[PDB]
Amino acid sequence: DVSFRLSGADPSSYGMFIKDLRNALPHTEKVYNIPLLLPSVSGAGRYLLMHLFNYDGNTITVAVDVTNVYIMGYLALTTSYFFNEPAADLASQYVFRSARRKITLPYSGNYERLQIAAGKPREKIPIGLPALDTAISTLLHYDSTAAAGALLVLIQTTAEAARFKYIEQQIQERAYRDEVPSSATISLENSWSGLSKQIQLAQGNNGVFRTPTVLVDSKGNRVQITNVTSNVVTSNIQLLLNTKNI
């Protein structure tokens, strides 16, 4: 399991949690020095449990698929909540079985679905460590509209940060003040599957992407990523979704 406490959290302790999260995901291979997530894992071992504590010390446990860093569901006191999707229903067979009751949330884990439930795109939702404290608090008591926004915060501040060092840095900058994600942050989240695929296809193509990935940069400019020498590949990306899952 991995854990993160909001009480006394700073850029350093958050960085430790994101390091722990990445290190908890198994890999047998690196591709261009980036860990390659497994094609699949059997049984309960497919799921990592993240123990998150809000500032008051209340806690949720979040179940994450170790093959793709997808959040499947979470446990809050004696109630489990899972996304309305086959993968999460499958997860519910393995985690939080001791919950007194299981609620299936009225949406899948998809960004598009979550944003419609929440009533806003994530361009408009501040993120940061204070937002993560709120999100844990919200998830503690069922409210499906509020939970969509909380889950948008949770997914980006955990999974997306694990995936991209840039996104981790954006959250560290937001340790004590929330701010909507940069255009670059949104771009990277949206491109993780694409990047993961092209980095793996580069392996037999002399480091060259079969298809260029379009991203927005730090100054908010649209750039073409064509090969593994790009900073996105050498510095930024920390985990590759296996092409078997693309």
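One-based numbering along the sequence shown.
In this crystal structure, the stretch out of 202-210 and 215-223 whose C-alpha atoms carry the higher mean B factor is 215-223. Taking the PDB entry as given, 37-45 carries the higher mean Cα B factor of the two stretches 37-45 and 179-187. Compared with the other modelled residues of the chain, the Cα B-factor recorded for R101 ranks in the middle third.
Annotation for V2: CA B-factor lies in the middle third of the chain's modelled residues.
In the deposited entry, the Cα temperature factor of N110 sits in the top third of values across the chain's modelled residues.
Among the modelled residues of the chain, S80 sits in the lowest third by CA temperature factor in this PDB entry. Ranked against the other modelled residues of its chain, the C-alpha B-factor of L241 as given in the entry falls in the middle third.
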